[PDB]
Amino acid sequence: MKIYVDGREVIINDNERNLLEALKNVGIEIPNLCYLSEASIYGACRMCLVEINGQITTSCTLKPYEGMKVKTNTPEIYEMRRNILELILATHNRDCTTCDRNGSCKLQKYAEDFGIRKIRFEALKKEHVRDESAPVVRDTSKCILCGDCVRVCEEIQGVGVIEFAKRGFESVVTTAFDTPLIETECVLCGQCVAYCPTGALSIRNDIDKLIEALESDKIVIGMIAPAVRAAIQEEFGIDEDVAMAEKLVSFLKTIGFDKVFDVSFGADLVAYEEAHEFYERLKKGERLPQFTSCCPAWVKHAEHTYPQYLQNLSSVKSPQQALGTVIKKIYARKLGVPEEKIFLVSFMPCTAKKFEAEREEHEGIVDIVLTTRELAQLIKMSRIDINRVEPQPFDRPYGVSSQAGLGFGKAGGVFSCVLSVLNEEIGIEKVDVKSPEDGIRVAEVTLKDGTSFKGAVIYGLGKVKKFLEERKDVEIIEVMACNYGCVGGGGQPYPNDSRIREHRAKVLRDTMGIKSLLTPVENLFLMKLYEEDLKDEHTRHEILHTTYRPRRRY
Amino acid sequence: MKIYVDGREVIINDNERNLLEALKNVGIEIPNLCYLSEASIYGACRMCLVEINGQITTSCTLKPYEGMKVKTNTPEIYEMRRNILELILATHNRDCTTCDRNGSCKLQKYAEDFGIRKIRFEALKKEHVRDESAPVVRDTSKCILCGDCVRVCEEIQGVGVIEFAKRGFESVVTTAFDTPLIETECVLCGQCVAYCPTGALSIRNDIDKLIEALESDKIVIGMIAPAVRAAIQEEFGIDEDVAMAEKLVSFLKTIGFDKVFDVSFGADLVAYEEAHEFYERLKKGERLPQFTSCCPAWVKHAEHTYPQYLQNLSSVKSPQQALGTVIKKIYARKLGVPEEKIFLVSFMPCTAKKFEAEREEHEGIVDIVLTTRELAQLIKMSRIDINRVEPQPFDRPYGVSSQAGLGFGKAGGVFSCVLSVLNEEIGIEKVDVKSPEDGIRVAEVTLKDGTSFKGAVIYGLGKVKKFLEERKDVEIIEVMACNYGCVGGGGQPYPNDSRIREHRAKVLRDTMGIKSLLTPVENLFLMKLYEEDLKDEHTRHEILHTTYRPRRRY
Amino acid sequence: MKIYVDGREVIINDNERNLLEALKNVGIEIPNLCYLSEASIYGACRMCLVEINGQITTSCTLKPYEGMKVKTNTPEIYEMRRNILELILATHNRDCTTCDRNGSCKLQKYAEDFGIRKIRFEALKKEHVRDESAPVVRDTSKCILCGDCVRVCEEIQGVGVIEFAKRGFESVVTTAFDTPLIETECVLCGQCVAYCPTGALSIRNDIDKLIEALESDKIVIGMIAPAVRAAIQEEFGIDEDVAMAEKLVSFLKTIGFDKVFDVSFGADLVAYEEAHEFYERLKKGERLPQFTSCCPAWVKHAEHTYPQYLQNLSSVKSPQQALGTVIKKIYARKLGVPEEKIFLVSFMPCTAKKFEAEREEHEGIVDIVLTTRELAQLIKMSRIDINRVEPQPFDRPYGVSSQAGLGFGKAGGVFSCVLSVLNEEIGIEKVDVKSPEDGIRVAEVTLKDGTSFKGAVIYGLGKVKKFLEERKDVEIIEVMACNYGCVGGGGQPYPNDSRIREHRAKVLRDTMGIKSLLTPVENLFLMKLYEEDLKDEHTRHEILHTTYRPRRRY
Ligand code: SF4
Ligand code: SF4
Ligand code: SF4
Ligand code: SF4
Ligand code: SF4
Ligand code: SF4
Ligand code: SF4
Ligand code: SF4
Ligand code: SF4
Ligand code: SF4
Ligand code: SF4
Ligand code: SF4
Ligand code: FES
Ligand code: FES
Ligand code: FES
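Residues numbered from 1 in each chain as written, not as in the entry; some residues may be left out. Chains lettered and ligands numbered in written order. Part of a larger assembly, values for the part shown. Heavy atoms only, no water.

(A) Looking closely at the site of ligand 10. Contacts to ligand 10 come from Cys153, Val159, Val161, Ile162, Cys186, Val187, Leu188, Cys189, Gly190 and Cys192 of chain C. When grouped by side-chain class, the residues that make up the shell around ligand 10 number nine nonpolar, one polar and no charged. (Near = heavy atom within 4 Å. Nonpolar A, V, L, I, M, F, W, Y, C, P; charged D, E, K, R; others polar.)

Structural data, given as structure tokens:
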């Protein structure tokens, strides 16, 4: 399709939604602040201005036609773009040094490139809202009111706890009545953070606490989540490698970690316990369908939204809490040191794990939760060339896991691990998987001795409401709050989009492929733990089982 | 240092051996056919001609002086270089399509670049020698008489079984009296092949036998050596990856391999058996010092050169033969299929393993041995993107190994594995390692209950003669024929030089770092094999022990 | 679209012609020898075999269907592919060292990758045809009978002087009765060479003559064509640069060229003379339409095919011959040296220029014509880093040209230059350009004082026949034998396809953009030449005008 841009012949696609996208797909970029994430919409920034027929208009809302002559760069357009950018910056909290988005901020880059060196306009005061009550931290002084977070929270996560409020100069994205986020129905999934193009939404940093713990004389123990190892190479701009976790082990020992364990061992433990709980439930037809309890965002969502299903939740705690309780109540004893001597650090891809660790039912097990980004900050701070670090394995006795346990890092992993345990105990004849829609997988399972069942994997909160409204023929339901599962967790490296998450899933799959242990029962250390310290039902319930309670405001 | 090249000011190093090297280090390349490998010398090709003071001379033998004016490209020099290249090509066997060096041949590249399209001179007949009696294959019709192989065999391998013979136009690199290589004292290390810049020395290809076996109805079993996985990425010009072996497993299953096992499991088995043999020898002070028998080139060298030490050789067979005997005499029975139904393929970095498999003491265990280059040819033939292949583990019950077993792939690995087994059974207090010279490491070992001993690791035949002439205070000696061990084996990808071998050793070390099994006794499958099928001493001797005999001509 | 390849889920395009192309577009490569150039067709090689439904078939002729399960690599397919490649090689003239396609040959690469080291079959004798009568050189011993050249010559060039002859084992691509190519109606465009995937069709190399001339005491003068500078960077795998021609000047002076002139100066001269010839013809309505005579392939084609239009041909000689005659008959005199002392080298993108230089009407003006590939061979032979060469301008007085003269290197350049000269003398009001089809541009020209005319640019012989059969309303017709003009000449670097030719045209356009002289009359040196040595009509006719004669066989 023939169009003229700045008096030059350009061929674009025959069918395109608007001029801006067509030029972008043909390699011509128009400055703009609307396209910021996968949840973006056009029309707000007004910087995409072009001149067609001697009149200036936004190219994001212009349908191309054959023979159109467009000037993308005129003195008038230059002045208008500079004015709009200056308008944004004048009332922007310009403190990039302490900003979470520093270095990966489109606004900072435009300020650099547009040669903005003095604020011509006035930094007129706005009634800014600062919120630090939750692991998700809000600071509206940096918000550019793009609305990406509102759409993510409403349409993708199905929560909608943040909305545009007020109007005009006092327009602000905020919770109802500016309530602290920790007191709302926010599930702390961090997806809004994953999509925010500024530092307005960020993750609470806890590096200072880790440094303090490392400097003292208490025993610091780290444990790395499955999905951390499949994504942390992005922070360093290097290709994946299945040896990433062992490089992390070496780095952590270098900076003074006493032990580093693999949370995928905890995933093996959780899948082994949950398979038995589910089998008992199926045998006595009680408390069905069973919901997995490994995603704390889903758990909080259920406590807010489905108080009737709280008993249907799996009573087994998540891998982080399970492994942490083992470390604190069994390993500490086996080591001869008081539990008060152990400082347990959990490296996770998830903001909701920070909330989970601080839950009343788990108080004092996990001392701090650091996300993949915080771990990357530790590495970058050291300036060590992580890619040249010699790998070494995780520490015994919680440093080995089956590929099924490592599979927890992506949606469907825990269900696959449960099926693996069931098959290894009570064989499975066949499994018929079906995909009703984009993020829903329904599998029919027939055991050797009958008693078939259906299980579903749902990734992305918000799909849950409709699925639960239309499917009563499923016995076990796995729910992951984040699309693609934990590889797309809120604490993962930014940018955190669909293509990057798919690549992370591929990395995790390749990492699982080099593992020789196929099922949790082939984990000799897990079997030894069960045989030595989790023999009776009472001890197992105390160590690996937790409770849930309804959540309401008044 | 100021010099003028083609009327241009060039600064070179103050201290340099000759003009050619100085220009090369400053980025100026002079065409030449002398620098071909790490065993090269200057003066033979005569193509490095330059004009200094109006007279033409070789730059490889010209000491630079301040203010020298050199013309590197004159019509006269052009004619002389073209004439010399045409002289080489006229009597060269020009059949690149079936040449082993096709695509990585400097002569082929020069023929392409010099625009040689017709042989002006005459392809005058030479009494060419073709030799295909050994896995190392000779074809003097391609030899450019560079002499690199003669130097490698004499000075680096200490064998010197190939030499310049005759003179003038009939000059030829050959064995004494043109004897077949298989009937000489050649140890078949393949180092000459690793250094040859043409196809004159090549490795016998056995792909057609593998295709025939795969096409039949017999069960094809593959087993991959430790050092194959640390080097095969070079053939594809991609970065290392610790997951390489599992990608190989996936590829081999794709092209119809029934099982793929890890020869490093055989390394664990061999180290476990050899540690006990050595401990018995130390206890009764008999048959010392003990020589490792894992390198077949060293074994053949000893049979030729040290008939008095043949009893001092370890009686345990090499990992290839040990694992192959297990597969043929135990696994075949456990599978319910006759041993005649199994076709056992061994993928090795070594040409001497082809000879070893065909030895009389091993006849009919290993059906074919393919080198890393042949495996790369299989992959390239398929055109499959190996880097995108999903990894999967080795097959049970011989698909797992300790890091010590995988360490066999580089010099010192078998000694380290033996020390690991001894430590796990009879603890080791300390080990004092010393390096008398470049490829010799001497370690003092003290066990818990006294009975200390010294062991040496020697890599590179030729160092052995002098070490054995000057050290009577060592109890165990590990000998690897190839410098750096098997990462620098004759069957490894070309070019095969010191820097590449060091990088391969680094890759293998990183691969060993991600392994959770530290010692052979932690290998549950190895323990189960010993407990089920290698219980009595008679069965163990029959399965894992071999004999040696003197080698002499008459 | 969901398909399974080697038991793996692959998504391909919904609408695709065959499985092979679909897999290729999805990143899966199947070995094959059918896809070799832009003139290729499927079905001949038979190496693209896949297994679908347990039966083997060619993937190039398999329409994909949803759910198809295909095995691209089975032992049976492996054997068949190896057998087919061995069948090709057995009867192939395997002399890569002296082959023109050495290093860029798909067959050589497959021989390397398939591990073919011995010809199992027999090199059964074929009645091979060797032809060296023309600058296009034929050697059927290397032909793989792909048929690409037959299609190029018939359908793209509209000549069809080469065809498949005989059948079975004696099938051969040849001229009628194996007549020498120089005695046929071949126009020597070299497009068949540009498309041939082997060395069966090559360009006659003339480097040895240049070396001989440079070594003697005669004055060697070089002149570089416009399109040589826009394409020679491909041989060195480096990005374009508008300074390429001046680097060539520096390199040529380094290897002993006395002078280097710019043939684009000759293009300015030719356009200036041809504009006046055309204006006279228009004024007296004689010998119309005028055909440009700058493309010698077109000239030979007309002499064979349109003896009635020979008077309609422009009588002005081509830029090479015009500039060469100036150098030999004017510059030699101005230099004080006999014309016999000058050796004139022409660097061209064209094989037909080699023929033109040897024409009877031009005998002894241009001593040798070397193509871009031969010039690249000179550079590579020197091993000089051409990208680091300091540029220097062309030599006076023929080293400067207008952008219009440099534009000759791509189709439409000479017409644009003629229009530029006419406009600078007799202004042009407007020009209305129209594109009846892919390689035809028709422009309406109105001068200031009326007398409008139409001119057409046709690139790619074969379009000419139909255009001349349907357009009698054009006064001037520019014909270029090669698609895109001289940037796609037969002597250009290989591969020589549409995308590469378009990129070369872009490079030439960028080179023209940095030129400050807009029209030939702004060339002060050209004006001085006309004023000093081309004053009278007789001298101008003798120096810049040539004749044509009919071509027929009997
Ligand atoms: S969002 Fe942060 S990094 Fe970007 S401009 Fe504002 S303060 Fe700077
Ligand atoms: S963390 Fe999740 S639920 Fe909470 S505001 Fe952000 S997107 Fe909404
Ligand atoms: S918080 Fe971030 S994503 Fe939400 S509107 Fe503000 S800038 Fe946009
Ligand atoms: S899906 Fe994973 S990353 Fe996302 S909230 Fe749940 S546990 Fe955290
Ligand atoms: S050594 Fe082999 S590849 Fe090199 S020129 Fe000779 S035949 Fe060709
Ligand atoms: S294989 Fe080794 S011993 Fe034999 S000729 Fe070559 S370098 Fe010498
Ligand atoms: S065999 Fe190879 S290395 Fe030895 S002299 Fe001949 S070309 Fe050189
Ligand atoms: S060192 Fe390794 S590669 Fe070299 S000969 Fe010995 S076993 Fe073979
Ligand atoms: S076409 Fe030339 S380069 Fe290709 S295989 Fe034949 S001889 Fe070798
Ligand atoms: S040079 Fe042109 S006309 Fe001659 S055979 Fe080749 S394609 Fe045909
Ligand atoms: S001459 Fe070249 S293009 Fe023509 S059929 Fe033979 S190989 Fe193919
Ligand atoms: S178009 Fe140019 S390259 Fe092609 S034949 Fe004509 S003059 Fe030669
Ligand atoms: S891109 Fe933001 S308004 Fe057009
Ligand atoms: S480099 Fe070979 S003789 Fe100088
Ligand atoms: S690609 Fe050649 S026959 Fe299919």
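Don't stop here, the text continues.
(B) Representation of the pairing of strand 7 (residues 136–139) of chain C in the model. All names here are of chain C. Going residue by residue along strand 7, you find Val136 and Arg138 tucked away on one face and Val137 and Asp139 tucked away on the opposite face as well. Two strands pair when backbone bridges link them, and strand 6 (residues 130–131) and strand 7 are joined in this way by two bridges, in the antiparallel orientation. Across the sheet, the residue bridging to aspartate 131 is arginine 138, located in strand 7. Connecting strand 6 to the next strand, strand 7, in antiparallel fashion are four residues. Summarising the sheet, strand 7 and strand 10 (residues 201–203) pair through three bridges and their orientation is antiparallel. Bridged to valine 136 within strand 10 is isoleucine 203. (Buried < 20%, exposed > 50% of the residue type's maximum accessible area, 1.4 Å probe, protein only. Helix = DSSP H or I, 4+ residues; strand = E, 2+ residues; numbered from the N terminus. Pairing = 2+ DSSP bridges.)

(C) Highlighting helix 18 (residues 537–544) of chain C. Residues and elements named next belong to chain C. Turning to helix 18, its buried residues are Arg540, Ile543 and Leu544. Within helix 18, the buried residues cover an arc of 75° as seen down the axis, which keeps them to one side. Seen from the buried face of helix 18, the exposed residues on the opposite side, beyond 90 degrees, are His538 and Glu542. As for helix 18, its buried residues are in contact with helix 8 (263–284), helix 10 (319–335) and helix 17 (524–533). (Arc of directions from axis to C-beta. Contact = heavy atoms within 4.5 Å.)

(D) Looking closely at the pairing of strand 12 (residues 259–262) of chain C. Residues and elements named next belong to chain C. The pairing of strand 11 (residues 219–224) with strand 12 spans four bridges and is parallel. Note on strand 12: the bridge partner recorded for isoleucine 224 is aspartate 262. Taken together, strand 11, helix 7 (residues 244–254) and strand 12 constitute a β-α-β crossover, and its handedness is right-handed. (Right-handed = clockwise from strand over helix to strand, strands pointing away.)

(E) View of the site of ligand 1. Residue and element names in this part refer to chain A. In the vicinity of ligand 1, the residues found are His92, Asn93, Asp95, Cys96, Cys99, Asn102, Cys105, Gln108, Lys142, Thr198 and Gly199. Of the residues assigned to the shell around ligand 1, the class counts are three nonpolar, six polar and two charged. Counting contributing residues, the shell around ligand 1 receives three or more from each of domain 1 (1–121) and domain 2 (122–204). (Domains from an automatic or database assignment.)

(F) Structural view of the environment of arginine 552 of chain A. Residues and elements named next belong to chain A. Mapping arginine 552 onto the fold places it in the segment after helix 18 (537–544). Among the residues examined, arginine 552 registers a relative accessible area of 63% and is labelled exposed. Residues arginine 552 and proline 31, 521 residues apart in the sequence, show an inter-C-alpha distance of 45 Å.

(G) The domain arrangement of chain A, seen in detail. Residues and elements named next belong to chain A. Split by domain assignment, chain A resolves into domain 1 (1–121), domain 2 (122–204) and domain 3 (205–554). Counting residues at the interface gives five residues for domain 1, matched by five residues for domain 3. In total, domain 1 and domain 3 occlude about 420 Å² of area from one another, counting both sides; carbon and sulfur atoms represent 30% of this. Joining domain 1 to domain 3, the criterion identifies one salt bridge. Viewed at the interface, domain 3 and domain 1 are joined by two residue pairs in polar contact. Within the side of domain 1 that touches domain 3, the residues separate by chemical class into one nonpolar, one polar and three charged. (Buried area = accessible area lost by both parts, 1.4 Å probe. Salt bridge = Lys/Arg side-chain N within 4 Å of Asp/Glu carboxyl O. Polar contact = N/O pair within 3.5 Å; in protein donor to acceptor, adjacent residues only side chain to side chain.)

(H) Representation of the interface of chain B and chain C within the structure. Each partner contributes residues to the interface: chain B has 50 residues there, and chain C has 50 residues. Carbon and sulfur atoms make up 52% of the surface buried where chain B meets chain C, a total of about 4900 Å² over both sides. In this assembly, chain B and chain C are joined by six salt bridges. For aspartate 113 of chain C, the salt bridge is made with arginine 383 of chain B, and the minimal N-O distance between the two is 2.5 Å. The interface formed by chain B and chain C includes 16 residue pairs in polar contact.

(I) Inspection of the relation of the copies chain B and chain C at higher detail. The operation relating chain B to chain C is a screw motion whose rotation component is 180°, with 0.0 Å of axial translation and a residual RMSD of 0.0 Å. These values place the two chain copies in the arrangement generated by a two-fold rotation axis. Of all interface residues in chain B, 100% are interface residues in chain C too; the two copies therefore contact each other through one and the same surface. (Least-squares fit on C-alpha atoms.)

(J) Structural view of the packing of aromatic side chains. Enumeration according to the criterion identifies 39 aromatic pairs over all chains in this entry. Ring centres of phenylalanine 261 of chain C and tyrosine 331 of chain C lie 5.5 Å apart, and the angle between their planes is 85°; this geometry places the pair in the edge-to-face category. Here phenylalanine 261 of chain C, found in strand 12, pairs with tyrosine 331 of chain C, found in helix 10; they are 70 residues apart in sequence, far enough to count as distant. Judged on exposure class, the residue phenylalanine 261 of chain C and its partner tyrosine 331 of chain C are both buried. Each ring, one from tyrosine 306 of chain C and one from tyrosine 309 of chain C, has its centre 5.8 Å from the other, and the planes form 35°; the classification is tilted. Just above the ring of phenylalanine 169 of chain B sits the side chain of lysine 126 of chain B; from NZ or CZ to the centre is 4.5 Å. Across from the ring centre of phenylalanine 355 of chain B, 5.4 Å away, lies the NZ or CZ of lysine 300 of chain B, which sits over that ring. (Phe/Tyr/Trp six-rings, centres within 6.5 Å; stacked < 30°, edge-to-face > 60°. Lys NZ or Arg CZ within 6 Å of the ring centre and 35° of its normal.)

(K) Here's a closer look at the interface of chain A and chain B. Each partner contributes residues to the interface: chain A has 18 residues there, and chain B has 18 residues. For the pair chain A and chain B, the two sides together bury roughly 1400 Å², of which 59% comes from carbon and sulfur. The three residues of chain A that bury the most area against chain B are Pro393, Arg396 and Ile514 of chain A, which together make up 30% of that side's buried surface. Here chain A and chain B share four salt bridges between them. Where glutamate 390 of chain A meets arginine 509 of chain B, a salt bridge forms, and the shortest distance between an N and an O atom there is 3.7 Å. For the side of chain A that touches chain B, the element with the most residues is helix 16 (residues 498–513) of chain A, which contributes three residues. Across the side of chain A that touches chain B, the residue classes break down as seven nonpolar, four polar and seven charged.

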